[PDB]
Student: 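Just passing along the structure, written as structure tokens.
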Amino acid sequence: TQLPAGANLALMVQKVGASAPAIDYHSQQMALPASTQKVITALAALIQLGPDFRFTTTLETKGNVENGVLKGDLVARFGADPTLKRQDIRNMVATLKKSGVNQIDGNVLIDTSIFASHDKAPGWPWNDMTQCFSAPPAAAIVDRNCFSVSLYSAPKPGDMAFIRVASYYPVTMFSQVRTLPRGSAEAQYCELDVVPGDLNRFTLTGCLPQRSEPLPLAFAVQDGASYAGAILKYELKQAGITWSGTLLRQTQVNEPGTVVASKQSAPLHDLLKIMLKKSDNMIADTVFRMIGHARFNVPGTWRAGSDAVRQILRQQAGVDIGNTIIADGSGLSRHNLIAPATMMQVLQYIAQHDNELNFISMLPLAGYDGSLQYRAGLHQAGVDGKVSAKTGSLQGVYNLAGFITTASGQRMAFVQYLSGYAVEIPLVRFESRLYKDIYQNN
Ligand SMILES: *C(=O)[C@@H](NC(=O)COc1ccccc1)[C@@H]1N[C@@H](C(=O)O)C(C)(C)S1
């Protein structure tokens with residue numbers, strides 16, 4: 001340990017297929033897994049949904065089309081596809097038009113019944129909810145439910161800073177930001193804040209020091225259904241389709257209408273690969289609630305996802321996670337809690353079934369891709385191209401979970417759970433020593 005005063009390490013290193021570990025340091029102690037949770041999410045997803053699962057979104061008609069008039073409702077059934085884009089909506093609407101519908105004598109329903117309850121997992125800090133990495137992974141996603149904004153200081157200090165936003169983003173921005181004389185010391189404790197409101201309103205408050213250039217800001221959409229509905233409304237109007245009713249949310253499970261247009265995501269194995277390479281929280285969390293929906297045939301919720309993942313691990317993978325707490329798929333939640341010894345059983349299962357799962361090729365390869373392209377510790381250990389592992393990074397948490405091929409060619413699984421990390425290169429020195437050790441001595 002080259003580690004800062006008071007950091008907490010739980011570490012286990014074990015040959016693939018071996019029954020005893022080579023390194024065992026507090027391996028039974030529960031810890032915050034952060035994004036290494038995604039290893040569990042990917043395995044349960046492959047087992048439950050399979051590599052060829054695709055998310056799907058449809059436009060459905062309920063009623064007869066007479067003389068180009070739908071006598072009934074248009075239903076836009078969202079399916080938690082994390083990769084759905086504005087263009088996909090525009091294309092599905094183009095297809096609707098081409099099918100013969102010019103007018104809807106009825107309502108436009110934004111159907112999110114695939115999921116229920118909150119779009120935010122237990123244990124997610126409230127303060128990060130407006131940041132894109134923590135965007136609520138709702139059933140209705142368009143362009144990752146993230147949008148950007150430019151904040152301009154006013155030429156006269158004391159005047160309102162002003163917001164520029166692209167006109168297509170259906171959000172409502174208000175500025176209550178005071179522009180400060182670019183020296184004086186309201187600047188020290190006057191915060192610049194974002195305050196979300198209902199229906200995708202955002203108010204910027206506080207102070208902004210004079211700047212020559214505008215401040216770029218990216219925010220998370222809080223109400224995906226409303227956002228997706230406004231985009232749909234816009235695309236309908238552009239395509240010349242009129243309607244007499246209003247846009248309504250449909251949350252209760254219901255029989256599908258006639259599918260007039262659809263979009264399916266890339267295959268799940270492809271999505272899980274992005275997820276593990278890049279640590280994509282939104283893919284992990286839409287997958288997570290999908291798992292529960294598919295296993296129990298109920299609208300997907302965080303609790304059903306948690307129950308399902310535990311059941312899948314125990315029953316299909318032979319891993320009893322015991323008192324482990326699984327709160328989400330991404331590892332964002334501070335309620336996730338698992339011991340290296342438990343994550344080790346998952347890793348051993350994966351290595352044993354890797355020819356079936358094609359799992360290890362999806363993990364970041366040190367020195368090549370994803371989160372490990374340049375991890376100084378690993379590069380300096382001389383283990384580039386020898387480590388395939390998932391990172392887990394949160395405020396003062398630096399985890400790694402995966403596989404290393406050692407100097408003798410032995411594959412070893414490892415779990416490094418390092419937290420309570422706080423500062424007044426210790427990591428880099430720690431990692432370069434440890435992985436050089438593991439590689440060289442095994
Ligand atoms: C998994 O650990 C995820 N981490 C987060 O969502 C939040 O990450 C941080 C928050 C505060 C301070 C430091 C990190 C995913 N892994 C991250 C990573 O850096 O790879 C991420 C930001 C891409 S999200």
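Both backbone and side-chain heavy atoms feed into the values below; hydrogens, waters and symmetry mates do not. Residue numbers count from 1 along this sequence. Atoms within each ligand, like the ligands themselves, are counted from 1 in listed order.
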Student: Compare all side-chain heavy atoms of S226 with those of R249 and state whether any distance is below 4.5 angstrom.
Tutor: no

Student: With no hydrogens and no angle check, just 3.5 Å: does a side-chain donor-acceptor pair link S35 and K38?
Tutor: yes

Student: Would you mind listing every disulfide bond (SG atoms under 2.5 Å apart) that reaches into residues 405-442, with sequence neighbours excluded?
Tutor: none

Student: Report every pair formed by an N or O atom of ligand 1 and a protein N or O atom separated by less than 3.5 Å, giving atom names and the distance to 0.1 Å.
Tutor:
unit_1: ligand 1; atom_1: 2 (O); unit_2: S35; atom_2: N; d: 2.8
unit_1: ligand 1; atom_1: 2 (O); unit_2: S35; atom_2: OG; d: 2.3
unit_1: ligand 1; atom_1: 2 (O); unit_2: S393; atom_2: N; d: 3.1
unit_1: ligand 1; atom_1: 2 (O); unit_2: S393; atom_2: O; d: 3.1
unit_1: ligand 1; atom_1: 4 (N); unit_2: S393; atom_2: O; d: 3.1
unit_1: ligand 1; atom_1: 6 (O); unit_2: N281; atom_2: ND2; d: 2.9
unit_1: ligand 1; atom_1: 8 (O); unit_2: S393; atom_2: O; d: 3.0
unit_1: ligand 1; atom_1: 16 (N); unit_2: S35; atom_2: OG; d: 3.4
unit_1: ligand 1; atom_1: 16 (N); unit_2: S279; atom_2: OG; d: 3.2

Student: Suppose we screen for side-chain hydrogen bond (donor to acceptor under 3.5 Å, both in side chains). Which residues come up paired with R334, at least two apart in sequence or across chains?
Tutor: none

Student: Please determine whether a side-chain nitrogen of the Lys or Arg among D270 and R54 lies less than 4.0 Å from a carboxylate oxygen of the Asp or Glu.
Tutor: no

Student: Would you give me the side-chain donor-acceptor pairs under 3.5 Å for residues 435-442, sequence neighbours excluded?
Tutor:
unit_1: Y435; atom_1: OH; unit_2: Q416; atom_2: OE1; d: 2.7
unit_1: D437; atom_1: OD1; unit_2: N441; atom_2: ND2; d: 2.6
unit_1: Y439; atom_1: OH; unit_2: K386; atom_2: NZ; d: 2.7
unit_1: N441; atom_1: ND2; unit_2: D437; atom_2: O; d: 3.2
unit_1: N442; atom_1: ND2; unit_2: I438; atom_2: O; d: 2.8

